[PDB]
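> This one's a deposited entry, sequence included:
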There are 2 protein chains.
Amino acid sequence: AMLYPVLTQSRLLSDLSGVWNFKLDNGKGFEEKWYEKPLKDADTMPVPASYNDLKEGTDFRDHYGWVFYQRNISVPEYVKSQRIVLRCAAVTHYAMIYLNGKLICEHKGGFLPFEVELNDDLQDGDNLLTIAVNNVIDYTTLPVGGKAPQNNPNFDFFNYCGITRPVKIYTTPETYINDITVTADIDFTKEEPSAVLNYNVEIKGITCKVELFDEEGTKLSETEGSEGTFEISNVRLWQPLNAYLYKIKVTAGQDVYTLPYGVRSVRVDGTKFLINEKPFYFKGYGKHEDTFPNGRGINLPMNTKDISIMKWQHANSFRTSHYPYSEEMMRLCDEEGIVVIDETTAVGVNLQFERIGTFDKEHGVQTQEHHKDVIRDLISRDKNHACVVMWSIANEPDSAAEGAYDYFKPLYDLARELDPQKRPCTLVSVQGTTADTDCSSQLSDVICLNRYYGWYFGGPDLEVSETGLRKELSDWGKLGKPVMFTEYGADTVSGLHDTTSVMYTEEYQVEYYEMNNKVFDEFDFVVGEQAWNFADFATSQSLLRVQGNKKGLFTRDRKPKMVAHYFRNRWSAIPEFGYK
Amino acid sequence: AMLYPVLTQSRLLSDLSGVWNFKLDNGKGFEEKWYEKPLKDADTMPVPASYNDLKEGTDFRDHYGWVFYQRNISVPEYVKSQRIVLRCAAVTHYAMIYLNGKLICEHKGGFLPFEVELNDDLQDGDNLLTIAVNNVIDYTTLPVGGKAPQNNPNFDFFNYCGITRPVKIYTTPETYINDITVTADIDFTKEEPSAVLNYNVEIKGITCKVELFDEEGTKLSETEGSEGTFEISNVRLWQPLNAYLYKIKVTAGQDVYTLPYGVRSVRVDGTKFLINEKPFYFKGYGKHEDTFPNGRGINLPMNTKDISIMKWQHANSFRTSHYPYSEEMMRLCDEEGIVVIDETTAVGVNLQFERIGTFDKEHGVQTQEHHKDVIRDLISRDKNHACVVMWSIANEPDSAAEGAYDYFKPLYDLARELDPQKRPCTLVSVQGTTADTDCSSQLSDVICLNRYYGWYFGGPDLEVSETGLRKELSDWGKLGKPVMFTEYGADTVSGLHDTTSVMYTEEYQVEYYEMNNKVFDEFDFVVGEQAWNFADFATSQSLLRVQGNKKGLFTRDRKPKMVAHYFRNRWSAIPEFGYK
Ligand SMILES: CNc1nc2sc3c(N4CCN([C@@H]5O[C@H](C(=O)O)[C@@H](O)[C@H](O)[C@H]5O)CC4)nnnc3c2c2c1CCCC2
Ligand SMILES: CNc1nc2sc3c(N4CCN([C@@H]5O[C@H](C(=O)O)[C@@H](O)[C@H](O)[C@H]5O)CC4)nnnc3c2c2c1CCCC2
Ligand SMILES: CNc1nc2sc3c(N4CCNCC4)nnnc3c2c2c1CCCC2
Ligand SMILES: CNc1nc2sc3c(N4CCNCC4)nnnc3c2c2c1CCCC2
């Protein structure tokens, strides 16, 4: 369980972000005890941020192995009173915290938070904090390092690493709040729908009371109970592009924490994805925590810029593509009313492109245990987010291979059981699968395709490509379930133009999406269009990557390609609800 | 009078185009007799083409003065039988032909054809042809060289010079055809309109008979008479975007020449520009004979490409901006059905931007005599072109200054009297004039404005700019005449993009034209929208020119800016006829 550190009367918060000392491991790093003494001949390195692009030459950009972040720490003795904790929101890949020279914590997983307490190794005076980060990826990591001394991603984005998100120090009373959970039942029956919310607070280390406020701070109800309930008639339902967030003050044993919460219902019904009992239609794109020169590092300004562009463009949703995003971005979609598809680090679980099969148990992937710890850690983190309407177990696994069904079912189950809101589960299907062959047809509530008819398939022949896409999508309808496209797009170099289009031209990109959009619009069970990608992003080099991935509607610096004006006009004529 | 040299049973045609010898005058050129001996230490230089960009360094690009083209010539004695003529379709600025060392011809005016006969200095064997070209521009040239050793154009395009169009050698019988003229009267009354055409052939140095064919070569009528007539019931009327061209074989004294001709009526009526008695609406742009690295040189392929793009874009017209275009392009618009506004070299007749006034007679411009010879030479050349529906006496003269009316009336008159079809006359008004102040309000059948509300005026404030444009255009309506915009646009660097537009961005360009187009659409007396410019073109350097003029809808190599897709959608929903 991981609550978002905030400033409360009961808890303090001090950011450690800034320029830290930094050294690339030379192999002999751990041998000598760098985590013991202050790094020598060190380099400077802002935190929070990916370090790959922040220096010059390939030696930083393409480093294999470990790096050492190092910074000094010092708390006021008058604080030992309360509990001292170190929250690392995300260290890409493996983290190893040393204080004063001793290991204190260790973590696997580059995109989710982890904490460690400091009360009993926090010395007096100036303490030597050391965070060593490893970037190696393999068949035991999610995301999955392939075989082709260098990391070779089995995924189409660059392997940005370092202290990707912030490192803070918060405190707490000795017995504290540790995990608040809230769910809602809404009775749309009444012409003025109302709702009953179920609280479930948890403490560790006494009386606990719950206060419920409205948008403006107006209190409206109170109760006591580490597992009580609450009633709200004439309830302001959170809605896509129309967020309403209540707030919640849990006072419990000299400790109080506040939580926003939006009241809405998610439910699949036949070929309809329903939000607050209405037939939604996804409009938006798959995104990437990718900016220059931050790498995958957190970027509050671009977060707001990205959401400003989405509203300008008349979109309503995005998918945390290939990894969970920052907590800040998740809260922002709550405030702004952005429907989010929250997705795990499970990309590259596919060895298809003697031959080893993906789910061979001696020579194939070794990810299921960690895949489970991710599903749990992620749902623990974002369970209370009204923006989250669905979960994505994995992006493009070899889901039509043998071993496939056996791999994923234990993970779907774990997901369906750990979501206090029992939200729809899916996985994003790669090109090649079909209704009959895809283990997703059974395990998933929503069929999410990534199809590229007009690019990989059939490009530059958009007629032949249309025939293919009708044929395949037609078949997908026989499952009687909601199907949305989570990726489709074409690599386009901003600036390349032509009257009779050729591939890579802004005109070819617009035509591609006209064909796909025409076919989408023929099937009432298509409940979503999400283009890949929102914006150009960095990938590993290869002959097929024109200085990265150029499938964005926008450039890496958020300037619109012609296609961005095509979608803005199309999405403006398509409602959040009732499109079918 | 100048007929377009073609291949006829009576006349031969041999192109002299190719790589000629070429030398930049060093001042001492004429002193020594370069036109006498073969140039020494010469350079290579294709003809036909502007020479400025065909070499490296500023020394070619920015040469002040004379250059010497030189090529060898040799005719088969068995030709002396017939008349031998040298037709120079266009030598930019001043031309001076030498044969074997003797001057044979001289010309002023860089954009119209001129010929000279060779029978009596054409030696036997190999003859030394020499064409010396001068690029100097001043208050006595059209276009007008300003005061700010270098040419400073008082016009916004680069001063490309050299043998701009081709040099050929044709022959003729001794008594020959010299100028055919045809006009038409159509009786739209009948439900199957018919027409009577009036021939007017001219010979110099005998029987002459006229044959009339249809599109496919089917003869349909014959007659005799150097000034006879002809009748055609159920006539195929040439029409915008629907050309029908009859042909005409004038056999006369062992000499025959063929001429295409289209039957259509042009007539202004109130606030309506009527073609074949219907209310036309101009759709298109102002263009420039500008390609790389040809300079202003002729370019048959780009001519066809430009016309292909216009049909793709759903345009119907263009203006020979700032100079008459090649004969080939003029014939092409006949074949393809492009309405053309034929315009003279008279740009820069405006000194506004002790102070000298434009039409001061000692210190101002000295162009009226030549301006007249241009009006005559031009109408003599293009009189029979169905594509030509209007004449432009001058682009942006100081038409609201004193002396203005006196300057232009003699030229309007000369124009209105020399057009066998009595076609509408105009001049294109610069920013600043108004209905009351513009000598064009009286002399012109169509008010043609060049306004820049949104750029020079008011940019980046498109609201304030709209208020200005409504205010001014409103007033222009009080004249009860047809008003079309012949220029409006905004400098746009292909590739610069933004969601919240800034000037120079493809998005700002599209918004500019949306505002102007909205206001245009409010006034039923606006009969035309022609954007400036069709494509990016070269200008003299200055702080206000981003590597030339970037106001094109297309780049200099004909690739579309976003705005080119905005117009194509708008023009597709606007008819050639009946828009009002
Ligand atoms: C019709 N038959 C084909 N089907 C396919 S599929 C495929 C392929 N994957 C697709 C799916 N993406 C997904 O989409 C995005 C992207 O690819 O840009 C990624 O950014 C994103 O992270 C990822 O989710 C990951 C990788 N990569 N390369 N070639 C192909 C290919 C080809 C053909 C025909 C021969 C040529 C290649
Ligand atoms: C609203 N008040 C103004 N009005 C005007 S007018 C003007 C100006 N001319 C206009 C008209 N063009 C014509 O249009 C094209 C073009 O300009 O690109 C040319 O290519 C084309 O050959 C030619 O026909 C020739 C030149 N050049 N520079 N500044 C201005 C200016 C300015 C202001 C305010 C201050 C800033 C400058
Ligand atoms: C794991 N992600 C991928 N998935 C796929 S699928 C497919 C294909 N197709 C699919 C349709 N059926 C016929 C064969 N052809 N070539 N490459 C691919 C392909 C690739 C990758 C990533 C590595 C590069 C190629
Ligand atoms: C001959 N072509 C021009 N015409 C014009 S008109 C105008 C203006 N305006 C017009 C509206 N009334 C208020 C003043 N301001 N600045 N420059 C100009 C201007 C220029 C040129 C060419 C040289 C550069 C400037």
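All right, it came through fine. Numbering: from 1, shown residues only, chains lettered A, B, ... in the order given. Ligands and ions are numbered 1, 2, ... in the order given.

> close enough to count as contact, residue A:64 and residue A:149?
Yes. The criterion here is C-beta atoms under 8 Å, and residue A:64 meets it with residue A:149 at 4.9 Å. The C-beta positions use only the backbone N, C-alpha and C, and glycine is treated the same way.

> Same drill for these two, tell me which one is more crowded.
The neighbour count for residue A:64 versus residue A:149, taken as other C-beta atoms under 10 Å in any protein chain shown, is higher for residue A:64 (11 against 5).

> What number of neighbouring residues does whichever residue of the stretch 201-350 of chain A sits closest to ligand 4 come out with?
For the stretch 201-350 of chain A and ligand 4, the shortest gap (C-beta to the nearest ligand atom) falls at residue A:312, measuring 34.9 Å. For residue A:312, the count of nearby residues is 13 (other C-beta under 10 Å).

> If you drop the residues flanking it in sequence, what lies closest to it?
The spatial neighbour of residue A:312 that comes closest, neighbours along the chain excluded (C-beta to C-beta, 6 or more residues apart in numbering or on different chains), is residue B:499 at 5.9 Å.

> ok, that neighbour touching residue A:559?
Yes. Here residue B:499 reaches residue A:559: they are 7.3 Å apart, a contact under C-beta under 8 Å.

> which residues in the stretch 151-300 of chain A form helices?
A:300-313 (DSSP state H, counting those that start in this stretch).

> List the contacts of stretch A:39-53.
A:16-24, A:54-55, A:60-61, A:63, A:67-71, A:89, A:92, A:158-167, A:292-298, A:538 (C-beta atoms under 8 Å, 6 or more residues apart in numbering or on different chains).

> Quick check, central residue of chain A?
For chain A, residue A:324 is the residue whose C-alpha lies nearest the centre (C-alpha atoms, centre = their mean; 2.2 Å).

> which residues sit in contact with it?
Residue A:324 is in contact with A:111, A:112, A:342, A:343, A:344, A:345, A:378, A:381, A:382, counting by C-beta under 8 Å, 6+ apart.

> Show me which of those is closest to residue B:5.
residue A:343 (71.9 Å; C-beta to C-beta).

> Give me the phi and psi angles of that closest one.
Backbone torsions of residue A:343, given as degrees, to the nearest 10, read phi -130, psi 150.

> Quick check, it in contact with residue A:325.
No. Contact status for residue A:343 versus residue A:325: not in contact, 9.1 Å apart, counting by C-beta under 8 Å.

> Who has more neighbours out of residue B:499 and residue A:559?
residue A:559 (21 against 18).

> what about the residue of chain A found nearest ligand 2, distance to ligand 4?
Ligand 2 sits closest to residue A:497 of chain A, with a gap of 21.6 Å, by C-beta to the nearest ligand atom. Distance, residue A:497 to ligand 4, by C-beta to the nearest ligand atom, to the nearest Å: 30 Å.

> got it, and residue A:460?
46 Å.

> In contact with that residue, which residues?
Contacts of residue A:460 by C-beta under 8 Å, 6+ apart are A:502, A:503, A:508.

> sorry, back to before: can I get the contacts of residue A:324 in TSV with neighbour count, distance to ligand 4 and secondary structure?
Formatted as TSV, the contacts of residue A:324 follow (neighbours: other C-beta atoms under 10 Å in any protein chain shown; distance: C-beta to the nearest ligand atom, whole Å; DSSP: H, G, I helix; E, B strand; the rest coil):
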residue	neighbour count	distance to ligand 4	secondary structure
A:111	26	58	coil
A:112	26	61	coil
A:342	22	58	strand
A:343	27	57	strand
A:344	28	62	coil
A:345	24	61	coil
A:378	25	62	helix
A:381	19	61	helix
A:382	22	59	helix
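
> quick revisit: can you say which of the contacts of stretch A:39-53 are buried?
With burial judged by 16 or more other C-beta atoms under 10 Å in any protein chain shown, the buried subset of the contacts of stretch A:39-53 is A:16-17, A:20-23, A:54-55, A:60-61, A:63, A:67-71, A:89, A:92, A:158-167, A:294-298, A:538.

> Return the subset of the residues you listed lying in strands.
Here DSSP state E is the test, and those give A:20, A:21, A:22, A:23, A:67, A:68, A:69, A:70, A:71, A:167 as lying in strands.

> tell me the contacts of the residue of the stretch 401-550 of chain A found nearest ligand 1?
Going by C-beta to the nearest ligand atom, ligand 1 is nearest to residue A:457 of the stretch 401-550 of chain A, at 3.1 Å. For residue A:457, the contact set (C-beta under 8 Å, 6+ apart) comprises A:431, A:451, A:465, A:468.

> Would you convert those residues into CSV that also reports neighbour count, distance to ligand 2 and secondary structure?
What follows is these, written out as CSV (neighbours: other C-beta under 10 Å; distance: C-beta to the nearest ligand atom, whole Å; three-state DSSP):
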residue, neighbour count, distance to ligand 2, secondary structure
A:431, 15, 49, strand
A:451, 24, 46, coil
A:465, 23, 43, helix
A:468, 17, 48, helix
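
> what comes up buried for stretch A:308-318?
A:309, A:310, A:313, A:314, A:315, A:316, A:317, A:318.

> give me phi/psi at the fifth one?
Okay, so that is residue A:315. Dihedral angles for residue A:315 - degrees, to the nearest 10 - are phi -90, psi 160.

> What count of nearby residues applies to the nearest residue to it once chain neighbours are set aside?
Distances taken as C-beta to C-beta, 6+ apart put residue A:284 closest to residue A:315, at 4.1 Å, once the chain neighbours are dropped. Residues near residue A:284, counting by other C-beta under 10 Å, number 25.

> Residue A:415 too?
Quick note: residue A:415 (other C-beta under 10 Å) scores 25 neighbours.

> Surely it forms part of a helix?
Yes. Assessed by DSSP: H, G, I helix; E, B strand; the rest coil, residue A:415 belongs to a helix.

> Tell me who's in contact with it.
A:375, A:379, A:391, A:393, A:425.

> Show me what from the stretch 351-500 of chain A comes close to ligand 3.
A:353, A:396, A:430, A:431, A:432 (C-beta under 6 Å from any ligand atom).

> element containing the first one, please.
In this structure, residue A:353 is located outside every helix and strand according to DSSP states H and E.

> That one and ligand 4: what is the separation?
61 Å.

> do the same with the second one
The gap separating residue A:396 from ligand 4 is 59 Å, by C-beta to the nearest ligand atom.

> how about that residue, phi and psi?
phi 50, psi 60.

> contacting residues around the nearest residue to it once chain neighbours are set aside?
Leaving out its chain neighbours, the residue that sits closest to residue A:396 by C-beta to C-beta, 6+ apart is residue A:430, at 3.8 Å. Contacts for residue A:430 (C-beta under 8 Å, 6+ apart) come out as A:350, A:396, A:397, A:398, A:399, A:450.

> returning to that earlier point: out of the contacts of residue A:415, which sit inside strands?
Members of those lying in strands (criterion: DSSP E): A:391, A:393, A:425.

> Just flag the most distant two among the ones in strands among the buried ones among the contacts of stretch A:39-53.
A:23 and A:167 (17.5 Å).
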